[PDB]
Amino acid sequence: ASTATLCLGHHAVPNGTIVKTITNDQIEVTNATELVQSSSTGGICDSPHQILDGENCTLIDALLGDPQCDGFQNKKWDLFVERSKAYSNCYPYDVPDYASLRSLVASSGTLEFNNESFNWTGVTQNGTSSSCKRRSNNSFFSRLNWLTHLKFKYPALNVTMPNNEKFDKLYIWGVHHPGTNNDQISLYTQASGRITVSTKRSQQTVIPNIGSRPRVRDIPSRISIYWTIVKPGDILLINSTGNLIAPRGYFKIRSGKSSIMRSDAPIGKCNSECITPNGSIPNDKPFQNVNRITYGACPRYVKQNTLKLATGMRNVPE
């Protein structure tokens, strides 16, 4: 009357992990894996995305032609990285809808600039100022042309420029607001008159407003920046009597995967597809708690700092 015994069973481990389920906020399993990326290496990887470090320059300063940003001329980028240390070091300016211009340029992803020979007859070109020095000599925004009188006269400008190309043209121009009446007349020999940049499909008119603003870099005047997009078959019509900061050409507009990010993280020679303002992070996990701002193939941001996915059975010690 001999017998035997056969017991079925499962394994267990001495170091289990707590996970959540539908019915239990704390249940221990043999193994788990983290689904939330919570740490950053620290630095932004210069690959595989084309990074452009703005250094002391904002995107708009490089666009206009701030002398300290001349190295940026005609550069492309997948991601433009603006630094908090940045500062404008040229003629004081403001942009109505600054955020929108910054966005559409960042989304375009290029600063390619083609020069066009505008017919400025009867006017002086290449105006300069002591507040915008280039090579220690008085200069101006590299992509803008400060127009002034020639023989103490400033005639009505009615200039034309057609877009006979296959692509769109982005024109950046501005209006000068002299700080005093005497400056208006010594610059344009006339009382401030409105400017009008128009196309077959649009129309923008601006009034120069003379008056003193708080001085910045020893300048009580101001420049206001505007932009116009001219599509193929359309024409750019400038209609001014003074105070015009004219364009020297146009920028190309592209459509793609480019953008811009505010960050103070250093650029390194590594390879990572996901970029946050804190630096690049791995993207093996489906979620991340590092930063809501991301660029590239990134995990989705969530508020939890940890989420354990069970990869083993329940742990039952002896």
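The first residue of the shown sequence is 1; numbering continues from there.
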Stretch with the greater mean C-alpha B-factor as recorded in the entry, comparing 171 to 179 against 151 to 159: 151 to 159
Per the entry, higher mean C-alpha B factor between 56 to 64 and 257 to 265: 56 to 64
Member of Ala106, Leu111, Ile229, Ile185 with the greatest C-alpha B factor (per the PDB record): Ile185
Largest Cα B-factor, entry values, listed residues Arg217, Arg143, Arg102, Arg83: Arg217
Lowest, middle or highest third - CA B-factor, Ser40: highest
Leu79 - Cα temperature factor, lowest/middle/highest third of chain: lowest
